[PDB]
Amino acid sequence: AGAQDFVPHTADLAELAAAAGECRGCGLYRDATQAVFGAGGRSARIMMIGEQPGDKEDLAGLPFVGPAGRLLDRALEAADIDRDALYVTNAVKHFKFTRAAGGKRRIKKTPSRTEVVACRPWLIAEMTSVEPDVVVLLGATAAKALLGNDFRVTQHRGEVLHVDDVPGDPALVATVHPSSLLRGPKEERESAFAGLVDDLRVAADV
């Protein structure tokens, strides 16, 4: 089922990342440039999970390198968290996208629950490998990947969650995806940014 047979029996992140380059666990590997595995080391206490690599990440081979990543770095710095000490990854490892005539970018398309479930074996391997004390779930797709398809990020802000089917029973904190804070009225973006910093500080205080 899904990516399971493509996941080797190793906690070495470099070996896992190389194996993910060969994954065919769903259809998304076909049009994407490459798999984008997580970045960071196994000593990380905090794991952060986004939805999927976007246009820039698909070509950089690294997560959170575009505008959403720059806002996330501003929030991490405000929360006094060193990005270099985190393990940062995504629920889905291949960019799902389309282009619009006249567009300046490839446009993300939402992964189906089917694709998230197919890719989840990689997240389980990452979590088993890193043994984080806390997992920050950035956005609906990531949070639902671990907390259920009905989970609503908007309803659980600031909350330390724990579920029974997650490796090592880490604390889970679900928050807004940084891409949500890039657009909207200034006051709304500023309030939302403060809330993201708050949630990052809850996770770091675990």
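A residue's number is simply how far along the shown sequence it sits, counting from 1.
Averaging only over Cα atoms, indicate whether 27 to 35 or 156 to 164 has the higher B-factor in the PDB entry.
Per the deposited B-factors, the answer is 156 to 164.
On mean Cα temperature factor in this entry, is 124 to 132 or 97 to 105 the higher one?
The deposited B-factors put 97 to 105 ahead on the C-alpha mean.
Against its chain's modelled residues, does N149's Cα B factor rank lowest, middle or highest third?
For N149, whose C-alpha B-factor we compare with every modelled residue in the chain, the answer is the middle third.
Can you tell me whether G50 has a C-alpha B-factor in the lowest, middle or highest third compared with the other modelled residues of the same chain?
Lowest third - that is where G50 ends up once the chain's C-alpha B-factors are sorted.
Looking at the C-alpha B-factor of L181, is it in the lowest, middle or highest third of its chain?
Answer is highest: the recorded C-alpha B-factor places it there.
Would you check the entry's CA temperature factor for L13 and let me know if it's in the chain's lowest, middle or highest third?
Highest third.
Relative to the other modelled residues in the chain, which third contains the C-alpha temperature factor of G139: lowest, middle or highest?
Bottom third by C-alpha B-factor.
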